[PDB]
Amino acid sequence: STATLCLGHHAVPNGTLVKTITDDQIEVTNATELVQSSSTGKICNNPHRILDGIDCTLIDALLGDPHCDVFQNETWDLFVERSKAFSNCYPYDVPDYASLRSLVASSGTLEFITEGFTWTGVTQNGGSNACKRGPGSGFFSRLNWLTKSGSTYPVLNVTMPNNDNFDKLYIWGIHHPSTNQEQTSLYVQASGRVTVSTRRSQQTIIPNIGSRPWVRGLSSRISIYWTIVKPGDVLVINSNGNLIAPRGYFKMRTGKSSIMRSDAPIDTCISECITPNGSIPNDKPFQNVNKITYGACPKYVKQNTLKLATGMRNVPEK
Amino acid sequence: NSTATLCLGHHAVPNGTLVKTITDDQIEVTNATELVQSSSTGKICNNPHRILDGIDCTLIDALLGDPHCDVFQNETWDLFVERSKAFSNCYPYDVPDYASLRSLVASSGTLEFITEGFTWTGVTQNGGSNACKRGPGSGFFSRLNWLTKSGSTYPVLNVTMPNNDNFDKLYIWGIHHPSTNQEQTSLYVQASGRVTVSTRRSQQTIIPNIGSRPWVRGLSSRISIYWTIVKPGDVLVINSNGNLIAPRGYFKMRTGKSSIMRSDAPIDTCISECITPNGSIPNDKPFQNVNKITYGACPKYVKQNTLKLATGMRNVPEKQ
Amino acid sequence: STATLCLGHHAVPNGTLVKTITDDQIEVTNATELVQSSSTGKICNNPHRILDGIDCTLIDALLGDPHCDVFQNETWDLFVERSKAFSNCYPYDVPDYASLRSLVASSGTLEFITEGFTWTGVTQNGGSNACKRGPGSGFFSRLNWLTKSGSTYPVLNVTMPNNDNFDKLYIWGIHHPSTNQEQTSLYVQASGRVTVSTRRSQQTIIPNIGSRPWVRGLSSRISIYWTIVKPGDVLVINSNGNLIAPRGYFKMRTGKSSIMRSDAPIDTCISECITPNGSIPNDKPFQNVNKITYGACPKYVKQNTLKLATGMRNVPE
Amino acid sequence: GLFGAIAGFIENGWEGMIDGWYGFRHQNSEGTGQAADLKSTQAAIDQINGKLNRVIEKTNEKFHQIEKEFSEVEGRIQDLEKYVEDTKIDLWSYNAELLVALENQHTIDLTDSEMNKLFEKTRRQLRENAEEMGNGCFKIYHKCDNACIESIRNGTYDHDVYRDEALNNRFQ
Amino acid sequence: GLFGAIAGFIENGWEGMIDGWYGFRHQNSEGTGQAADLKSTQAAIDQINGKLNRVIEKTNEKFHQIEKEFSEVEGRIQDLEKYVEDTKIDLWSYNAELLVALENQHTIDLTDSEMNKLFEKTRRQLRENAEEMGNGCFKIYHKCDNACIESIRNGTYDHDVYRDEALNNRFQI
Amino acid sequence: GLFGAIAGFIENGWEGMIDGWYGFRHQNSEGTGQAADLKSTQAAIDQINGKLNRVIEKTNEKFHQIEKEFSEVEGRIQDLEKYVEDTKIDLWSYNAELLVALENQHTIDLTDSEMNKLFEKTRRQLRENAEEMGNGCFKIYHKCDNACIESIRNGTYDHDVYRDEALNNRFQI
Ligand SMILES: CC(=O)N[C@H]1[C@H](O[C@H]2[C@@H](O)[C@@H](CO)O[C@@H](O[C@H]3[C@H](O)[C@@H](O)[C@H](O)O[C@@H]3CO)[C@@H]2O)O[C@H](CO)[C@@H](O[C@@H]2O[C@H](CO[C@]3(C(=O)O)C[C@H](O)[C@@H](NC(C)=O)[C@H]([C@H](O)[C@H](O)CO)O3)[C@H](O)[C@H](O)[C@H]2O)[C@@H]1O
Ligand SMILES: CC(=O)N[C@H]1[C@H](O[C@H]2[C@@H](O)[C@@H](CO)O[C@@H](O[C@H]3[C@H](O)[C@@H](O)[C@H](O)O[C@@H]3CO)[C@@H]2O)O[C@H](CO)[C@@H](O[C@@H]2O[C@H](CO[C@]3(C(=O)O)C[C@H](O)[C@@H](NC(C)=O)[C@H]([C@H](O)[C@H](O)CO)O3)[C@H](O)[C@H](O)[C@H]2O)[C@@H]1O
Ligand SMILES: *[C@@H]1O[C@H](CO)[C@@H](O)[C@H](O[C@@H]2O[C@H](CO)[C@@H](O[C@@H]3O[C@H](CO)[C@@H](O)[C@H](O)[C@@H]3O)[C@H](O)[C@H]2NC(C)=O)[C@H]1NC(C)=O
Ligand SMILES: *[C@@H]1O[C@H](CO)[C@@H](O[C@@H]2O[C@H](CO)[C@@H](O[C@@H]3O[C@H](CO)[C@@H](O)[C@H](O)[C@@H]3O)[C@H](O)[C@H]2NC(C)=O)[C@H](O)[C@H]1NC(C)=O
Ligand SMILES: *[C@@H]1O[C@H](CO)[C@@H](O[C@@H]2O[C@H](CO)[C@@H](O[C@@H]3O[C@H](CO)[C@@H](O)[C@H](O)[C@@H]3O)[C@H](O)[C@H]2NC(C)=O)[C@H](O)[C@H]1NC(C)=O
Ligand SMILES: *[C@@H]1O[C@H](CO[C@H]2O[C@@H](C)[C@@H](O)[C@@H](O)[C@@H]2O)[C@@H](O[C@@H]2O[C@H](CO)[C@@H](O)[C@H](O)[C@H]2NC(C)=O)[C@H](O)[C@H]1NC(C)=O
Ligand SMILES: *[C@@H]1O[C@H](CO)[C@@H](O[C@@H]2O[C@H](CO)[C@@H](O)[C@H](O)[C@H]2NC(C)=O)[C@H](O)[C@H]1NC(C)=O
Ligand SMILES: *[C@@H]1O[C@H](CO)[C@@H](O[C@@H]2O[C@H](CO)[C@@H](O)[C@H](O)[C@H]2NC(C)=O)[C@H](O)[C@H]1NC(C)=O
Ligand SMILES: *[C@@H]1O[C@H](CO)[C@@H](O[C@@H]2O[C@H](CO)[C@@H](O)[C@H](O)[C@H]2NC(C)=O)[C@H](O)[C@H]1NC(C)=O
Ligand SMILES: *[C@@H]1O[C@H](CO)[C@@H](O[C@@H]2O[C@H](CO)[C@@H](O)[C@H](O)[C@H]2NC(C)=O)[C@H](O)[C@H]1NC(C)=O
Ligand SMILES: *[C@@H]1O[C@H](CO)[C@@H](O[C@@H]2O[C@H](CO)[C@@H](O)[C@H](O)[C@H]2NC(C)=O)[C@H](O)[C@H]1NC(C)=O
Ligand SMILES: *[C@@H]1O[C@H](CO)[C@@H](O)[C@H](O)[C@H]1NC(C)=O
Ligand SMILES: *[C@@H]1O[C@H](CO)[C@@H](O)[C@H](O)[C@H]1NC(C)=O
Ligand SMILES: *[C@@H]1O[C@H](CO)[C@@H](O)[C@H](O)[C@H]1NC(C)=O
Ligand SMILES: *[C@@H]1O[C@H](CO)[C@@H](O)[C@H](O)[C@H]1NC(C)=O
Ligand SMILES: *[C@@H]1O[C@H](CO)[C@@H](O)[C@H](O)[C@H]1NC(C)=O
């Protein structure tokens with residue numbers, strides 16, 4: 001003669017707590033995690049081209065530290081620098097090292113073209129036992145250490161025009177002897193100088209005599225500088241001592257290349273997003289693994305978990 | 001009957017607009033409005049901001065006084081527009097930290113220059129070059145004074161100039177880099193020059209560097225430009241025994257809404273608060289997609305080319 | 001017979017206007033302010049350790065300007081620099097002053113260890129009447145002004161290895177004489193040089209003779225430089241003139257330390273958040289007092305008021 | 001929508017209502033007719049205008065800033081300049097995307113709400129003289145001429161006048 | 001508001017109700033009276049407090065940062081320092097502006113909602129014994145003394161007790 | 001929730017309903033039974049999926065950036081690099097926190113809304129043949145067999161068929 005019809009909704013025994021506007025924690029039937037917080041620990045070798053630096057920093061691969069010769073003309077999407085890397089050539093510094101590293105890292109190639117510089121009245125291919133190649137003394141593969149020829153070291157004045165349709169990166173340097181005796185027996189002049197210039201820019205470096213700490217037997221040092229030469233422009237190198245000459249130029253590219261410090265092993269797999277901790281999936285919008293990232297990555301956030309409600313409020317039957 | 005029917009309802013349109021919501025990628029509403037400004041006329045309006053067209057001149061060449069930029073003496077601007085066709089035509093030079101000098105002059109908004117009576121005892125003034133012709137004869141930057149030896153002597157210059165005014169003074173000066181030792185000694189006597197410019201709390205010392213650079217307008221030599229701000233109460237001291245490119249005075253420094261922009265957009269008679277390198281844009285919308293470079297009261301630059309804001313209800317037509 | 005039951009809600013005579021999505025101003029029964037816009041005007045001395053610089057900048061405390069000697073080995077969470085601070089020693093400049101200030105400020109200590117540098121063939125402890133300590137002439141307490149001994153100034157080649165397990169900060173400098181007469185009578189050589197180096201870095205500074213503006217009787221200057229030496233590394237100082245030598249190193253720490261420019265007086269109270277205008281409470285999420293802050297502070301915003309509705313719409317009788 | 005009126009228990013909208021956003025259609029002894037409700041239309045329009053005025057014409061004035069295009073490679077400082085600006089643009093792009101999504105979802109719910117408010121307002125007037133057919137239409141259980149319909153539409157309908165007649169038709 | 005109760009079908013609020021946010025006024029044979037509903041008042045207050053607790057007293061700790069005031073003009077680095085900070089402040093200012101707008105719109109709708117919930121809750125209790133006058137008031141079609149009114153207010157009203165009486169008064173002239 | 005259905009006038013949910021989000025329970029002359037409503041379940045699921053698809057898998061591609069870890073102390077530039085990144089992270093962390101809060105509040109209100117929509121939809125079908133008990137249940141005032149209950153659930157219930165019977169039971173004694 002009558003009937004009852006009740007309307008209702010489901011509930012689950014094991015709900016999930018989530019945050020809302022008015023509530024710090026409130027139970028819903030189900031939620032999904034928006035913060036990626038784990039990694040396999042391994043950098044996947046696809047889709048990006050990963051070059052493992054192994055024992056070499058990018059700068060040592062650039063300059064041509066003998067034990068980094070395997071990297072000649074190499075290219076990368078991501079260059080990985082390992083903490084076990086070491087230098088083993090002439091002791092050197094790079095004023096604004098960070099920038100040279102950055103700009104080479106970003107170019108994504110160590111492709112090097114040898115040019116025929118003619119160095120008149122000086123001895124070429126100087127080497128050191130601080131930089132052994134084979135059993136004998138050696139030097140950076142992309143630099144040419146010039147010294148006196150006989151009793152003289154003249155004013156070098158060489159030119160090299162960029163007639164190509166791309167930018168040329170020239171790496172060069174200056175030698176800082178440890179004593180005046182050393183300065184004069186290598187370069188004759190008591191005071192050297194190096195002036196490298198293009199049509200719109202110039203750099204002039206004076207060397208500084210004096211002792212530094214012993215590194216691989218030497219109190220002396222080399223300082224590295226660089227010069228970009230645009231198409232139509234022209235390089236002029238001018239020196240009366242202490243020049244560490246370039247042997248040619250590195251080709252400059254633009255693209256998606258970069259560099260990363262990580263000790264994560266590289267592995268055969270596919271992952272768009274790379275962190276120093278290893279590759280991570282990018283299905284979630286945020287991540288808590290590392291602020292350092294490369295590729296299509298979630299945005300780094302401080303939260304370790306953020307739950308997005310995927311169901312109604314959970315009101316269990318009781 | 002006898003009854004009546006009263007139905008409540010809402011309107012619909014035949015041509016709705018799709019918009020984005022929280023739960024929907026695309027859903028049709030009766031009307032929407034665009035929040036991203038994505039077009040420009042292609043022209044920079046000359047009001048309300050004061051626009052100074054650099055024409056053949058960069059701001060730095062107008063500052064230094066490259067002869068063909070003399071028209072810019074004492075000029076002022078809200079926005080200085082640098083054209084891609086600009087060129088230098090004086091002595092070949094470089095400015096270490098060029099960006100900063102450009103920025104700080106751009107921001108000041110004036111090239112107002114006051115000549116001061118520096119005394120340079122025992123040296124020849126007003127040196128010039130055929131790399132920098134003014135008229136038929138040789139010349140030089142209008143705001144710089146090229147000093148050279150007087151009669152086989154070049155003494156240690158020690159000149160001072162106190163700021164007794166109630167504003168900051170900007171001094172532009174430089175150093176000459178000869179191409180050869182022969183050149184260094186015939187101009188400055190001493191085999192090695194130096195310039196030390198200082199205030200009470202700061203100093204700069206530059207040594208010149210002899211050597212050949214690429215040929216520019218006949219010359220392998222160069223000038224390098226430096227600057228010094230002198231606060232009220234402070235005092236400028238210039239000290240040199242060779243190679244000084246001396247200042248002739250100071251530029252007045254102002255603060256305000258001035259800046260600089262690189263654009264090849266033509267200037268036109270109209271009113272627009274917001275300027276981009278692509279030209280002026282209206283600022284009725286909150287966002288824009290024209291250019292991240294902006295000057296004035298401008299919409300925020302975003303990556304989207306369209307964002308539609310619903311201005312009506314959900315559109316649910318009856319017909320098929 | 002029947003009865004009437006009306007449902008309703010409260011209202012107040014004096015509501016508050018607030019902003020919403022659809023309304024620029026609409027009246028609710030009550031609201032609360034989310035932008036902190038006032039300060040007591042005083043910096044509370046708890047919970048953070050506040051060191052009042054008084055007459056001294058951090059850099060003058062570091063170098064050891066006589067009137068800043070009280071700051072030897074001091075530490076701070078926040079160093080407060082007063083606008084009436086002044087220098088009263090040898091006139092000096094610091095290329096990249098901002099960085100030295102920053103890195104010392106951030107370290108949070110002036111703890112200084114004296115080391116036994118041997119300077120053979122030179123006179124130590126040079127001083128000036130521009131830097132009086134007591135009635136006689138003096139100098140920066142942490143720097144050692146070397147000059148000739150007799151008729152000679154030799155090539156100094158001194159070393160000091162970091163055998164400890166922490167970083168050492170070395171502050172040193174170079175002297176710029178005003179005349180050649182001054183250069184030779186102090187250092188013999190017509191042209192000096194200073195080269196300070198570690199295993200991975202180096203700095204070489206050449207002095208420049210010439211006149212600067214008169215400061216405390218002197219047209220000459222000192223320029224200050226610094227060198228950090230890592231554990232295992234070694235400092236080498238090499239000079240044939242014009243060296244202003246270090247007497248030792250400052251210990252480098254990492255933590256919550258910083259520096260602030262303010263003329264606010266310091267007071268006995270507790271406040272987590274410090275601004276140059278004084279301490280402010282941090283109960284509100286935003287503040288409009290100052291973009292410069294230290295501690296647990298509200299986010300700085302451009303608005304001077306933002307009202308959060310804490311009641312219903314106010315619909316008065 | 002949250003209120004289930006628009007695109008809900010009201011099956012569809014009216015292209016033929018060109019004089020308002022919400023309104024009435026009727027059939028009585030005197031014929032049929034359509035009329036817009038101006039009060040509810042204006043409620044929706046006012047809210048959308050207010051919303052629109054908060055978003056539009058509020059613009060920052062910026063003059064000298066950083067540079068954002070570069071002709072040379074420089075390294076560290078330029079990297080930072082570019083990163084600062086790119087970081088800024090992405091955050092603004094997010095703000096813009098979220099703004100429109102929230103606003104539009106709300107505009108739909110608010111308009112849905114007003115439709116429902118007008119329905120409930122009408123239901124309340126009619127008291128026991130009408131029943132609800134479930135499609136947005138009321139069956140009014142008494143003769144209700146054009147004046148009577150207009151009295152409902154302008155909010156002056158006196159249910160007591162028709163109650164005896166309506167209760168008789170409803171229950172029987 | 002979205003629910004049309006506050007500043008809607010309820011014409012105005014009561015300054016005289018100082019002991020609660022929502023409540024009842026009545027007229028019966030024993031006279032007139034007013035009483036707050038504590039359950040709905042507490043629902044609104046709890047939600048607003050929760051909202052308020054999420055916004056207030058959550059602040060991050062920052063120590064050494066960048067400099068934000070400068071005594072000299074320097075150019076490129078200072079431009080960048082100033083721009084970074086100015087960019088930060090504007091983004092936070094936007095966050096703050098949007099936060100308050102969303103929150104306040106919601107607070108109004110939520111309070112409007114609770115008023116409506118109490119109305120519907122009461123309507124449901126009364127079943128066929130009352131009709132709705134359309135201004136937030138019910139006409140109860142039976143003698144309902146102070147006890148009877150209180151039974152509605154505390155949710156224990158038994159409609160069956162009064163149904164015969166109410167149905168008789170409703171459907172009869 | 002804003003609509004007062006879920007965790008409101010419906011006291012609790014049903015763990016026993018494993019085939020849908022919303023549904024019906026009944027008792028009639030033939031016995032008792034339970035059935036899910038697929039249309040309302042699908043409305044809620046669709047909205048949540050749409051919401052979920054807007055949030056997930058929308059990602060920025062960034063390659064060369066700034067450095068974010070440093071082995072030496074350098075001062076001014078490094079301070080700025082660190083501050084830029086720290087500023088960025090905090091703003092994104094805020095975005096993420098607000099996003100989830102708004103989304104979740106809305107998801108609760110929208111699911112609450114659908115429960116209420118199904119209730120109102122059912123109420124409307126039943127016309128004058130049922131009354132509303134106030135707990136989500138209708139009392140149907142006529143014999144309503146399993147077919148009759150299913151006719152309500154699938155939206156084909158013809159109130160006119162039962163009206164005379166229902167009106168008679170409702171208004172008596
Ligand atoms: C260049 C060299 O081998 N130097 C030796 C040096 O011997 C030279 C010296 O006797 C001079 C005299 O003025 O004569 C040179 O020969 C000339 C010859 O007399 C002349 O007839 C002809 O016309 O020209 C030649 C060459 O110009 C001698 O060559 O003796 C000193 C003192 O004993 C040696 O010092 C020690 O150096 C050690 C490091 O050695 C290297 C190294 O780095 O491994 C050897 C490299 O061959 C040399 N490279 C170059 C390009 O010169 C480098 C280089 O000088 C430094 O790295 C620069 O800083 O040094 C180690 O430092 C040890 O502690 C020293 O005692 C020196 O090797
Ligand atoms: C150290 C000193 O007292 N210097 C005086 C200086 O005295 C020297 C001078 O008479 C010469 C003459 O040729 O003779 C020197 O004696 C030598 C002696 O003949 C020789 O046999 C022996 O082997 O060597 C010594 C030198 O070592 C005298 O010593 O006289 C000049 C001219 O009047 C003074 O110049 C004035 O200096 C003023 C500033 O004075 C200080 C200062 O800053 O307070 C005094 C300090 O004692 C001195 N400190 C040191 C460590 O030298 C400093 C310092 O030289 C400068 O600050 C460096 O820039 O100067 C002020 O400049 C005034 O305008 C000058 O007239 C000088 O003080
Ligand atoms: C050092 O060597 C460099 C590079 O090899 C030379 O730059 C420099 O002098 C060269 O000087 C000649 C004139 O002395 C310049 O030639 C000019 O070319 C013009 C055509 O475009 C012509 O019209 C002029 O009359 C000149 O002949 C030449 O360009 C210049 N080379 C460069 C690359 O700038 C040498 N200087 C010294 C002192 O050794
Ligand atoms: C400048 O002064 C410094 C300070 O002592 C001198 O540095 C030291 O130079 C000697 C070489 O004479 C190095 O000795 C070597 O040590 C290694 C141990 O690893 C040993 O295997 C060698 O047989 C040799 O004895 C010493 O390491 C070096 N120390 C540093 C920190 O550089 C420098 O020699 C002086 N130069 C002059 C020109 O006075
Ligand atoms: C290079 O030129 C400068 C300026 O022309 C000379 O500096 C000036 O030197 C004089 C005397 O040393 C200073 O006079 C002093 O003024 C103070 C302060 O009022 C007073 O207490 C003293 O009694 C004295 O009168 C003057 O201040 C100073 N001016 C500046 C701007 O520095 C400098 O001496 C010259 N140097 C050489 C080596 O030629
Ligand atoms: C500044 O402190 C240094 C270092 O001594 C440290 O010792 C710690 C246990 C602690 O008290 C800390 O605050 C302090 O900084 C003192 O210099 C020398 O320190 C070394 C090694 O620490 C000791 O072997 C020496 O005794 C000491 N030199 C002395 C006593 O002359 C230094 O004394 C002190 N300076 C001042 C002005 O107090
Ligand atoms: C990813 O790698 C970084 C390495 O920097 C980890 O961060 C460090 O974690 C350790 C151990 O918990 C802490 O002591 C350091 O303070 C952290 N350093 C920094 C710079 O944050 C991080 O924990 C790793 N995360 C995952 C998920 O593997
Ligand atoms: C450059 O502008 C300024 C005016 O701001 C002129 O410089 C001097 O101005 C002062 C007054 O401040 C006058 O006493 C002098 O007459 C000016 N100097 C000289 C050398 O005459 C200067 O005249 C302006 N030059 C031009 C070409 O406009
Ligand atoms: C705004 O003006 C700028 C001028 O740079 C335009 O930006 C360039 O657009 C071209 C063509 O699509 C691209 O190839 C370049 O990559 C853009 N350059 C930069 C630096 O972004 C832009 O297209 C113009 N837009 C409008 C609406 O005029
Ligand atoms: C906190 O202190 C700063 C001091 O810099 C105040 O900011 C100044 O405010 C005045 C207006 O009274 C302006 O003229 C200055 O230009 C401001 N300076 C800067 C650098 O912004 C600020 O008003 C103080 N606030 C409070 C609440 O005390
Ligand atoms: C709801 O209100 C009614 C009426 O005030 C309450 O019933 C009275 O309760 C008191 C104390 O328990 C008795 O002495 C009265 O005689 C009761 N009057 C009746 C039943 O008419 C009832 O207790 C209240 N219930 C709740 C849960 O608050
Ligand atoms: C590097 O590449 C260039 C051209 O791509 C080539 O001419 C050169 O010989 C190469 N060098 C080596 C060592 O492979
Ligand atoms: C669309 O929206 C804008 C802003 O409210 C308005 O100006 C315009 O009239 C609308 N279009 C139509 C067809 O109503
Ligand atoms: C306004 O709201 C605050 C915060 O909830 C509360 O402390 C206070 O009681 C209210 N103010 C008034 C005057 O009622
Ligand atoms: C409402 O409509 C009726 C019937 O046409 C009319 O007589 C009455 O005056 C109207 N009331 C108002 C307030 O407009
Ligand atoms: C609804 O259920 C009834 C009773 O079982 C059945 O006869 C009818 O076919 C169903 N209608 C639809 C549209 O499924």
# chains A, B, ... in the order shown; residues from 1 in each chain; ligands from 1
call {"tool": "residues_near_ligand", "arguments": {"ligand": "ligand 1", "cutoff": "9 Å", "atoms": "only C-alpha atoms and all ligand atoms", "output": "PyMOL selection string"}}
result
chain A and resi 90+123-132+137-138+145-151+175-179+181-186+216-221
call {"tool": "write_last_selection", "arguments": {"atoms": "C-alpha atoms", "output": "PDB file, in the first residue's frame"}}
result
ATOM      1  CA  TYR A  90      99.413  22.042 -17.346  1.00  0.00           C
ATOM      2  CA  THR A 123     109.369  27.751 -31.663  1.00  0.00           C
ATOM      3  CA  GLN A 124     106.030  25.914 -31.682  1.00  0.00           C
ATOM      4  CA  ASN A 125     104.528  22.953 -29.851  1.00  0.00           C
ATOM      5  CA  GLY A 126     106.014  23.588 -26.417  1.00  0.00           C
ATOM      6  CA  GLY A 127     105.243  20.899 -23.832  1.00  0.00           C
ATOM      7  CA  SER A 128     105.590  19.967 -20.173  1.00  0.00           C
ATOM      8  CA  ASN A 129     106.042  16.899 -17.954  1.00  0.00           C
ATOM      9  CA  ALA A 130     102.993  18.172 -16.064  1.00  0.00           C
ATOM     10  CA  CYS A 131     101.085  17.190 -19.230  1.00  0.00           C
ATOM     11  CA  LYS A 132     102.458  13.856 -20.444  1.00  0.00           C
ATOM     12  CA  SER A 137     106.196  15.673 -22.362  1.00  0.00           C
ATOM     13  CA  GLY A 138     103.098  17.185 -23.975  1.00  0.00           C
ATOM     14  CA  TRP A 145     102.746  26.932 -26.756  1.00  0.00           C
ATOM     15  CA  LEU A 146     105.105  29.378 -28.448  1.00  0.00           C
ATOM     16  CA  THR A 147     108.595  30.179 -27.183  1.00  0.00           C
ATOM     17  CA  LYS A 148     111.661  31.999 -28.485  1.00  0.00           C
ATOM     18  CA  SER A 149     113.560  30.839 -31.549  1.00  0.00           C
ATOM     19  CA  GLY A 150     117.257  31.189 -30.833  1.00  0.00           C
ATOM     20  CA  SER A 151     118.057  34.499 -29.145  1.00  0.00           C
ATOM     21  CA  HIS A 175     101.600  31.829 -19.649  1.00  0.00           C
ATOM     22  CA  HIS A 176     102.450  33.085 -16.171  1.00  0.00           C
ATOM     23  CA  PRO A 177     106.037  32.135 -15.353  1.00  0.00           C
ATOM     24  CA  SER A 178     107.157  31.608 -11.757  1.00  0.00           C
ATOM     25  CA  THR A 179     110.432  33.583 -12.010  1.00  0.00           C
ATOM     26  CA  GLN A 181     114.788  33.772 -15.085  1.00  0.00           C
ATOM     27  CA  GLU A 182     112.004  31.608 -16.550  1.00  0.00           C
ATOM     28  CA  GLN A 183     110.343  34.550 -18.340  1.00  0.00           C
ATOM     29  CA  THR A 184     113.520  35.609 -20.171  1.00  0.00           C
ATOM     30  CA  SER A 185     114.723  32.096 -21.107  1.00  0.00           C
ATOM     31  CA  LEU A 186     111.327  31.317 -22.680  1.00  0.00           C
ATOM     32  CA  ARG A 216     102.275  18.506 -11.016  1.00  0.00           C
ATOM     33  CA  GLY A 217     105.786  19.875 -10.426  1.00  0.00           C
ATOM     34  CA  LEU A 218     105.059  23.452 -11.504  1.00  0.00           C
ATOM     35  CA  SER A 219     104.705  26.809  -9.723  1.00  0.00           C
ATOM     36  CA  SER A 220     103.770  28.419 -13.047  1.00  0.00           C
ATOM     37  CA  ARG A 221     100.283  28.675 -14.586  1.00  0.00           C
TER      38      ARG A 221
END
call {"tool": "residues_around", "arguments": {"residues": "residue 71 in chain F", "least_positions_apart": "4", "cutoff": "12 Å", "atoms": "only C-alpha atoms", "output": "ChimeraX atom specification"}}
result
/A:83,98,261 /C:167,228,230 /F:67,78
call {"tool": "interface_residues", "arguments": {"of": "chain B", "to": "chain F", "cutoff": "12 Å", "atoms": "only C-alpha atoms", "output": "number ranges by chain"}}
result
B: 20-27, 303
call {"tool": "select_by_dssp", "arguments": {"residues": "range 38-197 of chain C", "states": "strand (DSSP E)", "output": "number ranges by chain"}}
result
C: 43-46, 50-52, 78-81, 92-93, 112-114, 122-123, 143-145, 147-148, 156-161, 168-176, 193-197
call {"tool": "residues_near_ligand", "arguments": {"ligand": "ligand 5", "cutoff": "9 Å", "atoms": "only C-alpha atoms and all ligand atoms", "output": "list in words"}}
result
residues 156, 157, 158, 159, 160, 161, 162, 200, 234, 235, 236, 237, 238 and 239 of chain B; 178, 179, 210, 211, 212, 213, 214, 215, 216, 217, 218 and 219 of chain C
call {"tool": "closest_residue", "arguments": {"among": "D:121, D:62, D:26, D:54", "to": "residue 3 in chain E", "atoms": "only C-alpha atoms"}}
result
D:121
call {"tool": "atom_distance", "arguments": {"atom1": "CA of residue 298 in chain C", "atom2": "atom 7 (O, counted along the ligand's line) of ligand 14"}}
result
19.5 Å
call {"tool": "select_by_dssp", "arguments": {"residues": "range 144-208 of chain B", "states": "alpha helix (DSSP H)", "output": "VMD selection string"}}
result
chain B and resid 181 to 188
call {"tool": "residues_around", "arguments": {"residues": "residue 49 in chain C", "least_positions_apart": "6", "cutoff": "7 Å", "atoms": "only C-alpha atoms", "output": "ChimeraX atom specification"}}
result
/C:76-78
call {"tool": "residues_near_ligand", "arguments": {"ligand": "ligand 2", "cutoff": "9 Å", "atoms": "only C-alpha atoms and all ligand atoms", "output": "number ranges by chain"}}
result
C: 90, 123-132, 137-138, 145-152, 175-179, 181-183, 185-187, 216-222
call {"tool": "closest_residue", "arguments": {"among": "D:15, D:69, D:109, D:132", "to": "chain F", "atoms": "only C-alpha atoms"}}
result
D:132
call {"tool": "residues_around", "arguments": {"residues": "residue 31 in chain F", "least_positions_apart": "3", "cutoff": "9 Å", "atoms": "only C-alpha atoms", "output": "CSV table (one decimal) with C-alpha atoms, in the first residue's frame"}}
result
chain,number,residue,atom,x,y,z
F,26,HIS,CA,13.8,0.6,-1.7
F,27,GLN,CA,11.3,-1.3,0.3
F,28,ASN,CA,8.0,-2.3,-1.3
F,145,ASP,CA,6.0,-3.1,-7.2
F,146,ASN,CA,9.5,-3.8,-8.5
